[PDB]
Amino acid sequence: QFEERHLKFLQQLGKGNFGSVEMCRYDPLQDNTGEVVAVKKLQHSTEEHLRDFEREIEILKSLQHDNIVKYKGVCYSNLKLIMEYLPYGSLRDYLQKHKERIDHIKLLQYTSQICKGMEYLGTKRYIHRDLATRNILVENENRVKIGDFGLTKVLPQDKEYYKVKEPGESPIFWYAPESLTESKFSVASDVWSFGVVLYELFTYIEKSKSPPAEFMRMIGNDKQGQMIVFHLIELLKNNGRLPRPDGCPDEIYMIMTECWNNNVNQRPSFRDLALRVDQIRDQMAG
Ligand SMILES: CC(C)(C)c1nc2c3ccc(F)cc3c3c(=O)[nH]ccc3c2[nH]1
């Protein structure tokens, strides 16, 4: 395992849901030769959150894929999850800061990698429940990885959905309608959220174009608080949706809109999404 005393704090990397990630140097020889790693811990340790965190660690450990962040180990005294350090950070921040470097061809490369990571999740009957560019990490210019699994659940053997309603705040603007109305989560709801991820990427994370900002304008910024979810549900029911991003090819927007089907069963599979994206990639290449 990883020893507490040899883990040297460098900087705060990010915060998500109930967890917090830090950049640390694991230096067991105490000579400044150890590798830099990412360390996740609970911001406030609750027995409920500890049980969730334990399951999260088991989830990640069970995953080995090019497009999933690498598990390295755990640290015991206050449980800590040790992951590989991915030096380019979240895709959200990377894309926003370096939009001149990243073209549509690169966006589709990332899109394909996300789909392949998600198909791998589905093969283990894992539902991510929090697909968003903030949860995707960049290893290098050519490779992204699904980088957090704080909300990830395993499907029961006998059902194709999973019902969960967690205390606090949910990413409602990435949620499928049945996740908002029924608290139902499935591969199909992950596909819906993947549509939002695709939207995010093609907006190049322009602040005014974010899903929350766009939906809030459609709902009306003169919104309440508890009624926001109620109005969001109604908007989606009446086929109100995120607009086509500036400069987004019509065929890419079609993929988004097909992911955003109210009919759960009519949403494409991650396998078919990868196929469609890779086909568009090749047609943009030659
Ligand atoms: C906020 C969230 C929990 C999604 C998170 N942010 C990061 C992150 C941010 C910047 C950075 F340079 C690296 C990371 C990082 C990382 O390197 N490994 C695992 C997770 C993770 C991370 N996980």
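Residues numbered from 1 in each chain as written, not as in the entry; some residues may be left out. Heavy atoms only, no water. Residues with missing side-chain atoms left out of burial classes, pairs and counts.

S.K.: Is there a simple way to explain unusual backbone geometry in this structure?
M.R.: Where the residue is not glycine, phi is negative for most of them; where a peptide bond is considered, it is trans in most cases. One non-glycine residue, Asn-32, lies in positive phi territory at about 60°. Here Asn-32 lies in the loop between β2 (19-26) and β3 (36-42). In this structure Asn-32 comes out as partly exposed when scored by relative accessible area, which is 46%. Although it is not a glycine, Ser-183 sits at a positive phi angle of roughly 60°. You can call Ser-183 buried: its relative accessible area is 17%. (Helix = DSSP H or I, 4+ residues; strand = E, 2+ residues; numbered from the N terminus. Buried < 20%, exposed > 50% of the residue type's maximum accessible area, 1.4 Å probe, protein only.)

S.K.: Sorry if this is basic, but what is going on with helix α6 (residues 211-219) here?
M.R.: Count 3.6 residues to each turn of an α-helix, and residues three or four apart come out pointing the same way. For α6, the set of buried residues is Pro-211, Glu-214, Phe-215 and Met-216. Each element contacted by the buried residues of α6 is listed here: α5 (187-202) and α7 (227-237). (Contact = heavy atoms within 4.5 Å.)

S.K.: Explain empty space enclosed by the protein to me, please; I cannot follow it from the model alone.
M.R.: In this model, the largest cavity occupies a volume close to 70 Å³. Lining the largest cavity are 14 residues, with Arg-129, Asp-130, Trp-174, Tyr-175 and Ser-193 positioned closest to its centre. In terms of residue count, α5 provides more of the lining of the largest cavity than any other element does, 3 residues in total. Put simply, the second largest cavity is a space of about 40 Å³. What lines the second largest cavity is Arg-92, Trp-174, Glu-200, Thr-203, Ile-205, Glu-206, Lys-209, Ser-210 and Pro-211. Looking at the lining of the second largest cavity residue by residue, the class counts come to 3 nonpolar, 2 polar and 4 charged. (1 Å grid on protein atoms, 1.4 Å probe; cavity = no way out; pocket = protein on both sides within 12 Å on 5 of 7 lines; lining within 4 Å. Points joined across faces, edges and corners; volume = space filled by probe spheres on them. Nonpolar A, V, L, I, M, F, W, Y, C, P; charged D, E, K, R; others polar.)

S.K.: Just to check I follow, could you spell out the packing of α5 against helix α8 (residues 250-259) for this structure?
M.R.: When two helices pack together, their arrangement is given by the angle between the helix axes and by the axis-to-axis distance. Between α5 and α8, whose axes approach to 8 Å, the crossing angle comes to 150°. Looking at the two axes, α5 sits roughly antiparallel to α8. For the element pair α5 and α8, the recorded crossing hand is left-handed. Of the residues in α8, those in contact with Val-191, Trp-192, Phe-194, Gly-195, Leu-198, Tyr-199 and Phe-202 of α5 are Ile-252, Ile-255, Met-256 and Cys-259. For the contact of α5 with α8, the residue count by class is 10 nonpolar, 1 polar and no charged. (Axes fitted to C-alpha atoms, helices over the stretch in contact; angles between N-to-C directions. Parallel < 35°, antiparallel > 145°, perpendicular 65-115°, else oblique. Left-handed = near helix turned anticlockwise from the far one by under 90°.)

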